[PDB]
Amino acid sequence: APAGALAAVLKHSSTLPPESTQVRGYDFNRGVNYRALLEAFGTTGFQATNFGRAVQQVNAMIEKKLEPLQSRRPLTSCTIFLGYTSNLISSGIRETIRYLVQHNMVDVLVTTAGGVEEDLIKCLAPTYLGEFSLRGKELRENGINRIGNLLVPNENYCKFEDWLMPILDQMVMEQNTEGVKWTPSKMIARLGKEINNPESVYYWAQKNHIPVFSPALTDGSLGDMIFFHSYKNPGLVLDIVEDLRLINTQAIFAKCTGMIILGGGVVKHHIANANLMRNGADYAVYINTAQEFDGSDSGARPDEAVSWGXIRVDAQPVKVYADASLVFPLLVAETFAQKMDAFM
């Protein structure tokens, strides 16, 4: 056999360090213990191992948050920023996020406009399961709107209009006669108070003094309603400058920050950019489906953010490459939900 060939393939190797963890999956001959099954993801490899690392990172930021020490929310030992794209509020992850907000487990929310309005609309009418392959022409003819494999009847938006128009009237009157300078976070707090329904994420956020930022709040159905309303009752102004001040000072005056970001886009960048103002987040977990090759911010690995100063150089950020509708409930089950006693 050719000597160079044998030397290439049968190269000698170095011994790995003794802390080296061996690959091994869960053994179902033990039966089905769901806690042991989830723990075994950490030694299974590929994204299962990243999930295991994400559990560890989240548990670290919770433990730090539970250490004793233009906002009335009290400082804790670690401020947790939670960001999520709109479509995740269309999904049942809405319930997962509501739970975290209800029990004051996170401190700052960031979402796009759909992620605001659809939480409110779900208190008036439900969203239904469908399929991705349904054809647009047939859905349009029957007054049904598709979001992935979910379906929202047009009627839902008519109900939202009827609910929202009197509130927009009051907001204009308060602006003009009580001096209120409206921003997205202030409007979202008001809407959560008005929906007055404990299934709503934003009801709990305003009850618990958790601010919600959404700088492009007009890009959605709420924007449509504001548009039509402005010809009936002109005058509403929505400033985004004050809200930049508010989010950035949440980071600047924190003892510690952690970021948990579901998806990409504005929600990811806006949280990360706030944490640059303190020379970076202490903890960071990304769960998203985007890839780096197209140079996008959405698809950028956590290590790109280290180069900017958005994540501290000493941090151990983790990305899980998966649909958050699969992963986030499992993550919550092994982290926040295990510490519910401590949060109350």
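All residue numbers refer to positions in the sequence shown, first residue = 1. If you superpose the two forms and keep the largest set of C-alpha atoms that fall within 1.5 Å, you have the rigid core.
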* Asked: Do the Cα atoms of 262-270 stray more than those of 102-110 in 6 other deposited structures of this protein, or is it the other way round, with the core held fixed?
  -> 262-270
* Structure fact -> Comparing 316-324 with 329-337, larger root-mean-square C-alpha distance from this form in 6 other deposited structures of this protein, core superposed, belongs to 316-324
* Is it true that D303 has no coordinates in a third or more of the other entries in the comparison? -> yes
* Would you say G136 is missing from a third or more of the other compared entries? -> yes
* Asked: Between residues given as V32 and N33, how many of the deposited sequence are not built: none, 1 to 3, 4 to 9, or 10 or more?
  -> none
